[PDB]
Amino acid sequence: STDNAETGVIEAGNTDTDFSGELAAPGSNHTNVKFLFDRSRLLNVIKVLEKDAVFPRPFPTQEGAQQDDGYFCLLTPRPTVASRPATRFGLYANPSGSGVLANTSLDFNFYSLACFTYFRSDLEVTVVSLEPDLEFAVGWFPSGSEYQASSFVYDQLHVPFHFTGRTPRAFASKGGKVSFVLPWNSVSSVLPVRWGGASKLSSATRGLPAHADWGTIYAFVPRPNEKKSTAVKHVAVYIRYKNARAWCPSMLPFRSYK
Amino acid sequence: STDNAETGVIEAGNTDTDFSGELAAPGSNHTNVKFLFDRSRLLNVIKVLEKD
Amino acid sequence: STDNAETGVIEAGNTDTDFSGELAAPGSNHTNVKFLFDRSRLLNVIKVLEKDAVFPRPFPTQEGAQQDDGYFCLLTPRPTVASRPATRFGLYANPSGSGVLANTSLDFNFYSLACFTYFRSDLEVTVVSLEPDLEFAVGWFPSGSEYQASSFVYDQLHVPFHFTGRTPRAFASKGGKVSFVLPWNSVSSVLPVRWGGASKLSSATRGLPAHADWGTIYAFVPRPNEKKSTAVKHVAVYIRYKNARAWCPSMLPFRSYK
Amino acid sequence: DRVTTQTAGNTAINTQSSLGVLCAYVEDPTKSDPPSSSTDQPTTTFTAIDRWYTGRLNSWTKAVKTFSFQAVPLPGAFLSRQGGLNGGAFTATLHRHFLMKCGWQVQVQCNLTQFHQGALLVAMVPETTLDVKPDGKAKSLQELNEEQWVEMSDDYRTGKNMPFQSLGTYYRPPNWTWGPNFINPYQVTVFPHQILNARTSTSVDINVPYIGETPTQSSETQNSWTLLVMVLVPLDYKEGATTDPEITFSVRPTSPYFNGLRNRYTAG
Amino acid sequence: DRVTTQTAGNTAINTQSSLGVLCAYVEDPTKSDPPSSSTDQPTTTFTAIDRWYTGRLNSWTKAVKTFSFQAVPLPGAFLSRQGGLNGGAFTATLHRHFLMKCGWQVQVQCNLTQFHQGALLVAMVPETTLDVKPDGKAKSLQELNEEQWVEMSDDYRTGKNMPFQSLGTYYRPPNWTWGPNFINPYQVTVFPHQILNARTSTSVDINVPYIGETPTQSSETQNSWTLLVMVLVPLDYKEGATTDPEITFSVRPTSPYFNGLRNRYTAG
Amino acid sequence: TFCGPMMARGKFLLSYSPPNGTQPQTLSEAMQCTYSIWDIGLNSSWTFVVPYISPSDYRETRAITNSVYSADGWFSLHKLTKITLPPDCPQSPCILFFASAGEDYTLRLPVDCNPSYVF
């Protein structure tokens with residue numbers, strides 16, 4: 001049928017427009033945005049704390065600084081590095097040489113279906129053990145805060161402060177699982193899938209949002225400082241968006257042609 | 001405003017046609033043909049006859 | 001009676017306010033502004049043209065330029081010099097030395113009662129001879145124009161152009177008088193008694209208005225160029241405001257204390 | 001009851017001892033109609049120019065004689081940054097138009113106490129030329145730091161030093177003895193004014209409407225209104241008290257209009 | 001009927017061959033409400049900023065390859081005087097506030113004739129960072145006169161050269177292989193757009209409302225909308241015809257708002 | 001009115017600048033004043049109106065000196081884009097001007113005329 005594509009708006013047609021025929025029945029509605037995104041998926045894998053921690057310093061950190069790495073996980077589909085927001089995803093193709101290796105993460109499915117510009121939704125978290133018959137706990141604090149770092153002495157046994165606080169802490173039995181849901185607590189109204197502004201008024205890095213996440217999570221062993229074991233331990237984190245919404249179209253990744 | 005001058009007839013406009021504005025008040029009518037020409041003026045200088 | 005003069009507004013009282021007494025009757029109303037200014041008065045004295053004239057050039061004129069001086073009179077209460085508007089009144093206290101002497105004028109009564117800031121009124125003109133049994137005529141052109149300067153040949157007798165034109169020209173019999181009234185024709189709505197602006201956008205002289213007058217007047221002898229006499233002649237100009245108005249108070253001159 | 005607070009836009013001004021507000025000629029000086037001498041769309045007031053702008057004058061000292069005065073041409077003050085005044089939005093919009101008209105509101109402040117003696121007269125002289133040097137050029141900021149307080153003399157009294165049109169050499173220079181812009185000190189109370197003295201108050205407020213010989217005046221040259229301060233009784237105080245009082249003022253435009261949009265003005 | 005004339009303030013624009021006006025997402029993109037995240041008195045539109053501002057881009061030449069593009073960050077164009085653009089009143093008011101929000105209207109013009117071949121795509125990409133150099137600093141006016149038309153390569157395709165946060169020396173630098181601001185050329189037609197070719201028209205008009213992650217954004221850094229031009233079919237013409245066509249565009253803001261008045265901005 | 005070949009295409013910019021210290025000299029300056037865009041198409045002519053923006057009612061019709069009451073700015077024409085022509089066509093088209101009074105035009109106060117034309 002004759003038409004002009006330069007106008008931008010083109011009306012969708014059917015088989016009957018130019019030939020003899022008829023339209024098909026609806027079928028099913030599995031493409032609904034709310035129904036599509038309510039499925040759990042892996043996000044990151046982190047270690048388990050066995051003592052009081054030292055939060056990593058900002059990125060301009062030079063050598064020789066003492067801190068703990070790979071113990072904290074951010075809750076956000078965007079790329080991150082060293083437990084802090086980033087802009088470019090990383091990958092170590094040559095595990096050799098000096099220097100500490102930076103943790104990295106990303107939400108492959110979310111960015112494979114990230115066809116829009118802005119997003120908002122609640123979020124449900126779950127954790128799972130990767131070691132046989134392990135006892136652990138999980139802690140959390142909201143966006144725009146920091147982790148207290150010190151300990152107290154009870155009966156000559158040091159006890160880290162992160163045991164107590166008015167922000168959720170949860171315990172699981174031998175081989176159990178931890179589950180709960182969180183609200184949308186960032187100051188911004190919506191989470192930007194892609195951004196092009198600056199946060200600070202000067203010396204800022206363009207395109208790096210400040211508070212595009214839900215919070216922060218970590219795991220620890222409920223024992224005093226006197227029982228620091230000899231082997232490292234790991235856990236896995238699962239997230240699941242709930243009651244999602246989208247606001248403005250965009251484009252999808254570039255599938256390279258061999 | 002788009003127009004064709006080859007037609008000979010062109011309609012006079014005002015400021016408001018293409019911009020925000022308004023028309024001015026009439027004023028006075030000193031251009032009236034009857035009122036313009038009723039004024040004396042010199043025409044010629046001639047001599048005076050003293051005979052036939 | 002107790003009062004506060006710092007407030008600016010003070011209410012006028014009478015004898016009875018603080019003593020026994022009574023108020024006086026009105027009397028007469030000779031102070032009315034309209035009734036006060038409707039009286040003729042002398043303005044300037046000018047010579048009589050006997051040929052085609054050359055209007056004086058602007059003020060930066062150097063020496064050696066040829067023109068005619070003292071033949072034109074402006075119609076305006078403000079000070080003037082050399083038939084052009086001025087700002088400071090002049091006076092020759094030592095009539096000696098080289099150089100042409102500049103004509104000057106002013107309206108002594110008007111500036112002695114100039115208690116306001118803006119003014120507007122019609123104006124009636126009259127002329128009178130200062131020589132015994134003289135024949136003359138008077139010409140005029142409105143504000144913002146110029147005097148045509150050339151002549152024509154009729155029967156080998158040159159005749160100046162100012163004889164003819166569609167702007168008033170009037171003739172008087174032996175020993176007669178010329179009288180007529182003019183309208184308010186300047187572009188400005190009102191005539192500024194005192195001004196503090198500039199006309200040109202740059203290189204202007206502050207406080208010098210451009211069109212604060214009614215027009216211009218001159219006198220000439222109705223004879224051809226071939227009859228240029230040997231003796232100068234003079235006439236006197238009288239003006240009389242009509243239906244005057246004022247708009248904003250001001251102060252009066254400074255009467256010096258011996 | 002001697003306590004008032006004036007509000008406008010994002011600014012507010014107060015006073016612990018007021019005497020009243022003087023309205024120049026009408027019941028409501030703010031009311032005004034758009035000009036009738038232009039046909040383009042005008043630009044009325046917007047919320048970012050309804051403000052009070054503040055500046056600083058030179059300090060009052062006991063050595064000043066009588067009838068010495070200081071002047072402040074209102075529309076010219078912004079353009080010349082006199083006394084540190086800066087209009088911001090108002091200045092930016094005034095530099096980008098050909099025509100302008102508006103009233104004004106002004107207020108002055110002093111800080112004399114009950115142990116001082118002196119008086120100051122504050123009046124709004126219309127159509128004056130006190131801001132121009134005898135040669136006819138506007139005074140530079142350096143001249144104000146030398147002539148702290150303008151002197152008074154017969155020249156000013158008679159307007160014998162007004163701006164001058166050079167008359168060339170073809171003529172013979174005359175003697176100048178009088179001009180229309182003279183100043184008569186004893187009659188300055190004719191204009192809208194308030195009297196400030198030590199014992200009574202510390203501020204004066206005057207409200208003034210628009211005036212001009214045409215419905216509107218050029219932006220870069222109009223000088224219709226002018227602020228005036230003059231000394232009536234010279235200051236005196238007992239030894240040991242505070243010396244050299246300060247002075248300040250604030251201004252506000254009302255019911256502005258603009259016409260003839262163009263790019264930034266540039267002299268040439 | 002292919003002839004239209006758009007009027008606003010003291011400016012008017014016309015066209016002898018139009019295709020229509022595209023409204024982005026709503027029925028009336030102009031309608032808008034004041035922000036709800038500030039409590040001071042805002043500053044709505046005034047008649048001196050309802051205008052069309054015009055500028056000049058770099059010329060189109062036959063040597064340009066496919067998918068080469070040029071970008072123009074809208075609120076940043078005024079601040080950087082790109083392509084000779086100068087906002088006058090709008091710029092002056094934007095330099096004297098902390099917060100700003102507004103929609104836009106844009107139009108582009110070309111002058112191809114019936115004897116030329118080629119096509120250009122014009123679209124409004126939201127939330128992009130094409131105006132920043134790989135080192136993370138805004139491009140200077142000198143760089144545009146060298147990189148006449150931006151090249152296209154795998155780096156841009158994958159967002160592998162985005163602004164970078166230096167990671168120090170305590171770590172070991174990784175390999176960067178992907179970023180969220182990639183550009184996918186084959187899908188650019190998703191955004192509001194119109195297609196310009198030799199045989200059909202010579203102008204494109206797009207209308208766009210406001211978008212942002214908060215009701216309002218900082219004046220000096222917001223970059224929500226961006227104008228894009230890209231080559232679909234390289235130009236070609238017979239020998240002897242006109243060469244190197246020119247390009248121009250015009251912009252208009254709609255339903256602006258401002259908050260947080262202060263003095264002139266200054267970097268530090 | 002544009003009197004060039006029917007096959008040509010281009011655009012022009014017309015602007016009117018109120019009085020200033022110096023007259024405009026570039027497109028960036030011209031854009032700010034009052035202006036309009038005119039494009040070559042089917043119809044040949046395009047009308048422009050100079051608004052009456054004056055500091056006073058009525059204005060002088062002659063300029064003895066450049067007071068604000070006589071001169072009222074400038075008018076200028078800018079070539080926005082270069083002209084496009086097909087091969088084998090004449091170059092350098094020509095443009096034509098017309099001037100007339102408006103709807104609300106008015107005159108006043110007659111004056112005597114200048115006879116110099118006879119010479």
# chains A, B, ... in the order shown; residues from 1 in each chain; ligands from 1
$ residues_around --residues "residue 38 (chain B)" --least-positions-apart "2" --cutoff "12 Å" --atoms "only C-alpha atoms" --output "count of residues only"
12
$ residues_around --residues "region 206-217 of chain E" --least-positions-apart "5" --cutoff "8 Å" --atoms "only C-alpha atoms" --output "PyMOL selection string"
(chain A and resi 118+188-192) or (chain E and resi 21-25+29-30+35-37+99-107+192-194+222+224)
$ write_last_selection --atoms "N, CA and C atoms" --output "short mmCIF file (atom, residue, chain, number, x, y, z; two decimals), in the first residue's frame"
data_model
loop_
_atom_site.label_atom_id
_atom_site.label_comp_id
_atom_site.auth_asym_id
_atom_site.auth_seq_id
_atom_site.Cartn_x
_atom_site.Cartn_y
_atom_site.Cartn_z
N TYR A 118 13.93 4.95 31.83
CA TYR A 118 13.75 5.07 33.27
C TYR A 118 13.00 3.86 33.81
N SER A 188 15.94 9.90 44.42
CA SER A 188 15.45 10.10 43.06
C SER A 188 14.13 9.37 42.86
N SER A 189 13.27 9.95 42.03
CA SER A 189 11.97 9.34 41.79
C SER A 189 12.08 8.05 40.99
N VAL A 190 13.02 7.97 40.05
CA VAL A 190 13.17 6.80 39.19
C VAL A 190 14.64 6.49 39.00
N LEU A 191 14.92 5.24 38.64
CA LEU A 191 16.29 4.79 38.43
C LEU A 191 16.67 4.95 36.97
N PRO A 192 17.75 5.66 36.64
CA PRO A 192 18.09 5.90 35.23
C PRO A 192 18.90 4.74 34.67
N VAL E 21 4.07 18.15 11.65
CA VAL E 21 4.73 18.37 12.93
C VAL E 21 4.51 17.13 13.79
N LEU E 22 5.59 16.60 14.35
CA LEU E 22 5.53 15.37 15.13
C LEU E 22 5.53 15.71 16.62
N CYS E 23 4.50 15.26 17.32
CA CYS E 23 4.38 15.45 18.76
C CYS E 23 4.85 14.19 19.47
N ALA E 24 5.76 14.35 20.42
CA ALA E 24 6.53 13.23 20.94
C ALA E 24 5.67 12.16 21.59
N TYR E 25 5.02 12.48 22.71
CA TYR E 25 4.34 11.46 23.51
C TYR E 25 2.92 11.81 23.92
N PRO E 29 2.09 18.79 23.95
CA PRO E 29 3.37 18.80 24.68
C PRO E 29 3.65 20.10 25.42
N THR E 30 2.93 21.18 25.14
CA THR E 30 3.23 22.45 25.79
C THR E 30 2.72 22.49 27.23
N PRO E 35 7.03 22.84 39.18
CA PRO E 35 7.62 21.76 39.96
C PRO E 35 7.12 21.76 41.39
N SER E 36 7.12 20.58 42.00
CA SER E 36 6.64 20.39 43.36
C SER E 36 7.78 20.16 44.36
N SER E 37 9.03 20.39 43.96
CA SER E 37 10.18 20.14 44.81
C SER E 37 10.85 21.42 45.28
N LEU E 99 18.01 26.24 39.12
CA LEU E 99 17.17 25.15 38.64
C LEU E 99 16.42 25.58 37.39
N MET E 100 16.15 24.63 36.50
CA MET E 100 15.47 24.94 35.25
C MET E 100 14.81 23.70 34.69
N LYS E 101 13.67 23.90 34.03
CA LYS E 101 12.94 22.84 33.36
C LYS E 101 12.17 23.44 32.19
N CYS E 102 12.14 22.73 31.07
CA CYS E 102 11.43 23.22 29.89
C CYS E 102 11.45 22.16 28.80
N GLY E 103 10.45 22.23 27.93
CA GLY E 103 10.43 21.43 26.72
C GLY E 103 11.24 22.10 25.63
N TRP E 104 11.01 21.67 24.39
CA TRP E 104 11.73 22.23 23.26
C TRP E 104 10.92 22.08 21.99
N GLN E 105 11.25 22.92 21.01
CA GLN E 105 10.81 22.77 19.63
C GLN E 105 12.01 23.02 18.73
N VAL E 106 12.21 22.15 17.74
CA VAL E 106 13.36 22.25 16.86
C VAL E 106 12.91 22.08 15.42
N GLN E 107 13.74 22.59 14.51
CA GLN E 107 13.51 22.48 13.08
C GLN E 107 14.86 22.59 12.39
N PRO E 192 11.80 9.81 18.46
CA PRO E 192 11.08 10.73 17.57
C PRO E 192 12.03 11.26 16.50
N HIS E 193 11.58 11.21 15.25
CA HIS E 193 12.48 11.49 14.14
C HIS E 193 11.67 11.80 12.88
N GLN E 194 12.37 12.35 11.89
CA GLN E 194 11.87 12.48 10.54
C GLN E 194 13.03 12.26 9.58
N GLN E 222 22.36 19.77 33.38
CA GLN E 222 21.36 18.88 32.81
C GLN E 222 21.58 18.72 31.30
N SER E 224 19.37 16.27 29.33
CA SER E 224 18.40 15.21 29.06
C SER E 224 18.21 14.98 27.57
#
$ atom_distance --atom1 "CA of residue 213 (chain A)" --atom2 "CA of residue 173 (chain A)"
29.1 Å
$ closest_residue --among "C:27, C:142, C:168, C:253" --to "chain D" --atoms "only C-alpha atoms"
C:253
$ residues_around --residues "residue 44 (chain E)" --least-positions-apart "4" --cutoff "8 Å" --atoms "only C-alpha atoms" --output "PyMOL selection string"
(chain D and resi 46-47) or (chain E and resi 255-258)
$ write_last_selection --atoms "C-alpha atoms" --output "mmCIF file, in the first residue's frame"
data_model
loop_
_atom_site.group_PDB
_atom_site.id
_atom_site.type_symbol
_atom_site.label_atom_id
_atom_site.label_comp_id
_atom_site.auth_asym_id
_atom_site.auth_seq_id
_atom_site.Cartn_x
_atom_site.Cartn_y
_atom_site.Cartn_z
ATOM 1 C CA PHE D 46 8.421 39.051 35.892
ATOM 2 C CA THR D 47 9.034 37.653 39.342
ATOM 3 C CA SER E 255 6.821 26.501 29.309
ATOM 4 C CA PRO E 256 10.072 27.267 31.165
ATOM 5 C CA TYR E 257 10.485 27.564 34.909
ATOM 6 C CA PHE E 258 13.297 28.781 37.133
#
$ closest_residue --among "C:199, C:83, C:243, C:28" --to "chain F" --atoms "only C-alpha atoms"
C:199
$ select_by_dssp --residues "region 81-210 of chain A" --states "strand (DSSP E)" --output "ChimeraX atom specification"
/A:81,84-85,89-91,104-105,118-129,137-142,151-154,157-160,169-171,178-182,191-192
$ closest_atom_pairs --of "chain B" --to "chain D" --cutoff "6 Å" --atoms "only C-alpha atoms" --output "Markdown table"
| residue | atom | partner | partner_atom | distance |
| --- | --- | --- | --- | --- |
| B:20 | CA | D:41 | CA | 5.4 |
| B:21 | CA | D:40 | CA | 4.4 |
| B:22 | CA | D:39 | CA | 5.3 |
$ write_last_selection --atoms "N, CA, C and O atoms" --output "CSV table (one decimal), in the first residue's frame"
chain,number,residue,atom,x,y,z
B,20,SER,N,3.4,39.6,17.1
B,20,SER,CA,2.5,40.0,18.2
B,20,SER,C,2.5,41.6,18.2
B,20,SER,O,3.6,42.2,18.2
B,21,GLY,N,1.3,42.2,18.2
B,21,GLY,CA,1.3,43.6,18.2
B,21,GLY,C,-0.2,44.1,18.0
B,21,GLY,O,-1.1,43.4,18.2
B,22,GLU,N,-0.3,45.4,17.6
B,22,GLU,CA,-1.6,46.0,17.4
B,22,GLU,C,-1.4,47.2,16.4
B,22,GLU,O,-0.3,47.6,16.1
$ residues_around --residues "region 154-170 of chain D" --least-positions-apart "4" --cutoff "6 Å" --atoms "only C-alpha atoms" --output "PDB file with C-alpha atoms, in the first residue's frame"
ATOM      1  CA  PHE C  59      27.779  75.791  16.020  1.00  0.00           C
ATOM      2  CA  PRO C  60      31.195  74.219  15.316  1.00  0.00           C
ATOM      3  CA  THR C  61      31.495  76.741  12.472  1.00  0.00           C
ATOM      4  CA  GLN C  62      35.027  78.030  11.967  1.00  0.00           C
ATOM      5  CA  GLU C  63      36.023  81.413  10.546  1.00  0.00           C
ATOM      6  CA  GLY C  99      34.425  88.350  15.880  1.00  0.00           C
TER       7      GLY C  99
ATOM      8  CA  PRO D 134      31.196  71.108  33.868  1.00  0.00           C
ATOM      9  CA  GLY D 136      29.771  67.852  29.985  1.00  0.00           C
ATOM     10  CA  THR D 177      25.481  84.407  33.686  1.00  0.00           C
ATOM     11  CA  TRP D 178      22.424  82.157  34.051  1.00  0.00           C
ATOM     12  CA  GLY D 179      20.940  78.835  33.002  1.00  0.00           C
ATOM     13  CA  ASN D 181      19.043  74.168  35.603  1.00  0.00           C
ATOM     14  CA  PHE D 182      19.991  76.394  38.554  1.00  0.00           C
ATOM     15  CA  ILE D 183      19.514  75.037  42.088  1.00  0.00           C
ATOM     16  CA  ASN D 184      17.785  77.135  44.758  1.00  0.00           C
TER      17      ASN D 184
END
$ atom_distance --atom1 "CA of residue 96 (chain D)" --atom2 "CA of residue 264 (chain D)"
5.3 Å
